[PDB]
Every structure is written in structure tokens, then in C-alpha cells.
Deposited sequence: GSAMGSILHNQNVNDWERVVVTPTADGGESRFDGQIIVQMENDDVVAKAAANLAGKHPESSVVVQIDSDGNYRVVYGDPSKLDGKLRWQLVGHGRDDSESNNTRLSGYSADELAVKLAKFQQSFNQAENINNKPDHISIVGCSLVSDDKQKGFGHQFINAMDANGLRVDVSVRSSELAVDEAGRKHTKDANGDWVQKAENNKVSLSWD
């Protein structure tokens, strides 16, 4: 996969969010961009463009610092999903895959920490019903679902119980 840059959120590229016509059962979503890669930043922007009125895009670095780069978190309400956007890469110390440098266990811990910090600062009280993992690298179908089922358990271990889907960015 591509080289991993997930440091120093303030420096990150921002892609223009373009609304496109081309009706979801969620009322809002947080699109969580997890590395500073142009393909990844574009896929995050495109997801928000598909639902421009109720999408918030957050970039978050390995230190846990985040920036809202699109949308209004105050407006978030109802049934929410999260879409995580990153590159899945093979690991050399296991047969597990890593999403933007995170293992499923590390990702769940990071996301639980992010949720309380983000609900803290933004002063909103809501939790995702569903989490989508949107991989911009083409890793195999098995390792995709393997990561997802690992992630479900790890999310559960961390106090957030969610449906999870894994797919490839179009």
C-alpha cells in the first residue's frame, strides 16, 4: 500500500466537498479521515458530498488531535453512522491487517477515546449505530471481513456496540 502519513492533523490536505445527487436510513454521519493521503482525503470528501446536509468530516492524527473540516456537529441528531476512511495495509508482525496504521484493537481504543473527547468539546450526546470501514487500498475480501469482525469485538470490549461493514472505496 501507499506510504502512511497520519501525523500532525493541522498540516493535512483538505479536499473540496462537492454535493452530488448521484435517501439514507441514517439521519447523520461522521466521516473519520484517518491518514493524510490524497486518495483517502478525496474518498472522505466524496462520502460527505453524497449526503452534504447531514455529514460531518473529521480528520484525526495518531496523537488523537482532530479537526472538523466539513459540516456542523451541533446539527448531528438521530440515528448516526460513522464511516472510517483509510488505507488497509498488511502487517509484518502478524497476519492481521492495519487500517491507517491501526489494528482493530488499537482502532477501537482510539475511537472510544475520540468519541468522549468529541462529545466533550462539541457538547453532543450521541453514539453511532453503525460503523463503516471504507478501505482505499484493495486488500482481499477475507482480510477485509476478518478485520471487521475483529473490530466488532474490539468495539464491544470498549463499550460501544455497533454493526460494522467493510467495503472498498469506489
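- Gaps between the deposited sequence and the modelled structure occur at positions 1-4, 27-28, 177-208.
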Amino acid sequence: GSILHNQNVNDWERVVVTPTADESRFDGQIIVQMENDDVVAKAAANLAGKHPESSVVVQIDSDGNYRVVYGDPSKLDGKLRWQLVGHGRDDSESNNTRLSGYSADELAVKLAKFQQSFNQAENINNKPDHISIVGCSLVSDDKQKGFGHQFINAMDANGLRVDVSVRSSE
From here on, numbers count along this sequence of modelled residues.
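- The PDB entry records a higher mean C-alpha B factor for 63-71 than for its counterpart among 63-71 and 29-37.
- If you average the C-alpha B-factors over 153-161 and over 11-19, the higher value belongs to 153-161.
- Considering 132, 55, 46, 116 together, the PDB entry gives 116 the largest C-alpha B factor.
- Residue 143: CA B factor in the highest third of modelled residues in this chain (values from the PDB entry).
- Per-chain ranking of the deposited C-alpha B factor places residue 110 in the middle third.
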